[PDB]
Amino acid sequence: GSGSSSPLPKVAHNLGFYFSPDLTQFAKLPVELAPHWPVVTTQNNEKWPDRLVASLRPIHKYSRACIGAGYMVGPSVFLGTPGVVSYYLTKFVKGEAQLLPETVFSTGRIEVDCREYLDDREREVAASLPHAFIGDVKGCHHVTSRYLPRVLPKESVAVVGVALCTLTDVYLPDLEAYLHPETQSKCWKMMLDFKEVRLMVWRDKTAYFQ
Amino acid sequence: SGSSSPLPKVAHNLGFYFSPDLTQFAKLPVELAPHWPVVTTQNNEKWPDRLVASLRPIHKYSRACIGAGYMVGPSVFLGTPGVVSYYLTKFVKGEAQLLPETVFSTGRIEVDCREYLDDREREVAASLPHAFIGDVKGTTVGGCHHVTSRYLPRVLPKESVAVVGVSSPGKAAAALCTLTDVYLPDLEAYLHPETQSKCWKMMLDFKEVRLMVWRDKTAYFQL
Ligand SMILES: [Cl-]
């Protein structure tokens, strides 16, 4: 085939997949060894009983649509498009597909140094929550933060979903429900790129990942 | 009987507290009504800032308040889904204003009626049991966000969005949780988001609120 969209490495790493016979963003594995080790791949090869398959279309009932996720096609990073499936993930363990958990996704903006809003809806959420992810601590920045300098030394930045700061590019409308407190200050447990993270939201709508 | 009138909170949310005639509001001398915003059932042109409650429309900008709790004299009555409880017409500086769209509280909090208004509401409650019925996980009670929910205390604040502690005696608690008595089918259109969570902006009793929905899990209002 011509190739498929595929996860940013963090997504597969957080699911416990590090090697690939075919995907350049992961550690190379000889294809001869893929039958005997878990691999992330775009080839739904039944000879590889432990595999995380990324595909353009579903391949099984348990295929997970990864919507608005950053992704890669060959060497190139693409930004998530809100409401559009970036890729499907199907996890096989000993030949059997497994139900994957729900999660929100990083958008790929960090990887390509994009500081722009994905759409007007995101812009409006930011405007309504001016103390969410702008380095306020009682720091954590969204890629769209008004206080992020143009030149960030990458070496010293901690990425949320895995320091100088912590950095996130989550589509803000996926977090909006969390960012207005029901009653009190709250520390949410949530899944981002299949990794458990903590989102701290103070009564004054100051918010950051821990 | 006579003219139905809003629950106090509806008028308060529009900036009206004084009334020359309505007992549920702060009494104002009629001679001062030309100088204060007044909620009233009298469409008196001498009171240029006034919120007129009427049984029938009085202007093109009269807003039908459908299914809202209401008062006639000192008695509070439940709203009936799909039936107009009263009309509201807001005048600022003598000119009728367009009122925005809103959902309405049903009067259940004020009379302490904790029953479903009909089978349709019961059914909506059952479609999101965490949100509207409530449940217990360990020492934590989740999702008691309606006047019909479990684990509620005996005194509920008379508010559009009430804040309350909830208890499963000897088992679980939650210190603060928001609660309304809105007719749950009014929210149906907001309860099936494509996304795993969504924040809707809307009005409840003319107060700007947000409805947070988590797909197939929970929903609650926030001020
Ligand atoms: Cl909840």
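Per-structure values
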| quantity | calculated |
| --- | --- |
| Enumeration of residues in region A:177-202 that are in contact with a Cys (Cβ under 6 Å, 6 or more places away or on another chain) and crowded, with 20+ Cβ neighbours inside 10 Å | A:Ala177 |
| Among (1) more than 30 Å from B:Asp49 (Cβ to Cβ); (2) more than 16 Å from the ligand (Cβ to nearest atom); (3) surrounded by 14 or more Cβ atoms within 10 Å (Cβ to Cβ) - the single one B:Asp119 does not satisfy | (3) |
| Residues (among the small types (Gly, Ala, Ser), under 20 Å from the mean Cα position of the chain (by Cα) and closer than 21 Å to A:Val11 by Cβ) located in region A:96-130 | A:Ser106, A:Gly108 |
| Filter result (over 16 Å from B:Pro129 (Cα atoms), at the interface with another protein chain (Cβ under 7 Å from one of its Cβ atoms) and in a strand (DSSP E or B)) within region B:195-223 | B:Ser197, B:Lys198, B:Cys199, B:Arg210, B:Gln222 |
| Close pairs (8 angstrom Cβ cut-off, 6 or more residues apart or separate chains): on the phi < 0 side of the Ramachandran plot in region B:126-154, more than 14 Å from the ligand (Cβ to nearest atom) and aromatic (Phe, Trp, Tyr) anywhere | B:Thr148/B:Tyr116 |
| Strands (runs of 3 or more DSSP E) wholly inside region A:118-189 that include at least 1 residues being within 26 Å of B:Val209 (Cα to Cα) and away from chain B (no Cβ under 14 Å) | A:140-142 |
| Failed item, numbered, when B:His146 is tested on (1) over 28 Å from A:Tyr171 (Cα atoms); (2) over 20 Å from the mean Cα position of the chain (by Cα); (3) within 16 Å of the ligand (Cβ to nearest atom) | (2) |
| Any hit, region A:12-33, residues being within 20 Å of A:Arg109 (Cβ to Cβ) and hydrophobic (A, V, I, L, M, F, W, C) | yes |
| Lone unmet requirement of (1) in the same structural domain as B:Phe16 (by CATH); (2) touching a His at 6+ places or on another chain (Cβ under 6 Å) for B:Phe132 | (1) |
| Residues of region B:122-143 satisfying the condition of being away from the ligand (no atom under 16 Å from the Cβ) and not small (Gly, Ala, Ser) | B:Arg122, B:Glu123, B:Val124 |
| B:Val213 vs. criteria outside the structural domain of B:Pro81 (by CATH), aliphatic (A, V, I, L, M) and either within 14 Å of the ligand (Cβ to nearest atom) or within 13 Å of the chain's Cα centre (by Cα) (or both) | yes |
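Neighbour counts are summed over all protein chains in view; Cβ atoms, including those assigned to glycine, are modelled from backbone coordinates with ideal geometry. What is reported rests on the model, the rules as stated and the sources as named; these are not laboratory values.
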